[PDB]
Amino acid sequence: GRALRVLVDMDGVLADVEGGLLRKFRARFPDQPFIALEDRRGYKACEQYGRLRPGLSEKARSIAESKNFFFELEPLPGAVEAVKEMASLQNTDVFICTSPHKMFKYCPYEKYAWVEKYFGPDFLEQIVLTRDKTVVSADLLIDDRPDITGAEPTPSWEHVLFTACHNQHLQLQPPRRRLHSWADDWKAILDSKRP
């Protein structure tokens, strides 16, 4: 039968982008103010730094643009184990669908290398790099961004919001769904989209 196709974005779902940004920002700019994760709001971290103090958006971006930022990101709790199990389920195809952002120098390569490091070479085959997820056909999309953007007004996938510091204060209105973490019942969400 037809496989359930699930898209999972790496950022803030598999790899701890927010923790990495905060940790490296503080080490490189120890005499500047920063944004504790609990105070993060909205997916655009650099823009919030810019509101904190003029110039900090640029410094935060320079952190994310630095060599090894993406590669040295820590996996989120239970992320690698859940996605490995998910991909091993019958009638389930998992693709990692994630953005190069506007940082083409190191980000694409390190994202490939990160996935290979934690998931193996085989899994590299399942990666789709795109700014626009709406042109990718699938049954489900799990990512940390509450807003959909891209060329297709109504995507084929149901969008499921993975909890992150910047989105956790949003109280989603049904039937919009939230996955609180990888300890949460993700199998139930997948099963709901099966025949």
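Quick note: we count residues from 1 along the sequence shown, nothing fancier.
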Report the stretch with the higher mean CA temperature factor, choosing between 167-175 and 8-16 on the basis of the entry. 167-175
Of 128-136 and 53-61, the one with larger mean CA B-factor: 53-61
Please place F71 in the lowest, middle or highest third of its chain by C-alpha B factor as given in the entry. middle
Within-chain third of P155 by Cα B-factor, per the entry: middle
So where's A45 on the chain's Cα temperature factor ranking, which third? lowest
Where does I148 sit by CA temperature factor within its chain: lowest, middle or highest third? middle
Going by the recorded CA B-factors, say which third of the chain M103 sits in, lowest, middle or highest. highest
